[PDB]
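Enquirer: Following this: a sequence and the matching experimental structure.
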Amino acid sequence: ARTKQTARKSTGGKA
Amino acid sequence: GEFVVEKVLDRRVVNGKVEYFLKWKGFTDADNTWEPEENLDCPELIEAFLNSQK
């Protein structure tokens, strides 16, 4: 019943 | 930190990568931030967002 989706915060950016 | 996102609000392409303007479940709706699909572990929200646009 609890629709949880996970995401990671992009602290920077590997260019 | 790996934080729980509720849903997607918007999408764009920066530097060839695709970033989605989220809406977090752990944080407030205004505290939402741009996170790329590579960092998103939410296929459900991405699909549903594209279905909303179409």
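Expert: In hand now; what should we look at? Residues are numbered from 1 along each chain as shown, chains lettered A, B, ... in the order given.
Enquirer: Name the residues of chain B found near chain A, please.
Expert: B:1-6, B:15, B:22, B:24-25, B:33, B:35-36, B:39-42, B:44-45 (C-beta under 8 Å from any C-beta of the partner chain). (C-beta placed from N, C-alpha, C; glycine too.)
Enquirer: Swap in 7 Å and give it another go.
Expert: Listed as neighbours of chain A in chain B under the rule C-beta under 7 Å from any C-beta of the partner chain: B:1-5, B:15, B:22, B:25, B:33, B:35-36, B:39-42, B:44-45.
Enquirer: of those residues, buried ones?
Expert: Buried subset of the residues of chain B next to chain A (neighbour count, 16 or more other C-beta atoms under 10 Å in any protein chain shown): B:5, B:22, B:25, B:33, B:35-36, B:39-40, B:42, B:45.
Enquirer: of all those, which comes closest to residue A:10?
Expert: Among those, residue B:39 lies closest to residue A:10 (C-beta to C-beta), at 5.0 Å.
Enquirer: related to what we said a few turns ago, just checking, which of the residues of chain B next to chain A belong to strands?
Expert: B:2-5, B:22, B:35-36 (DSSP state E).
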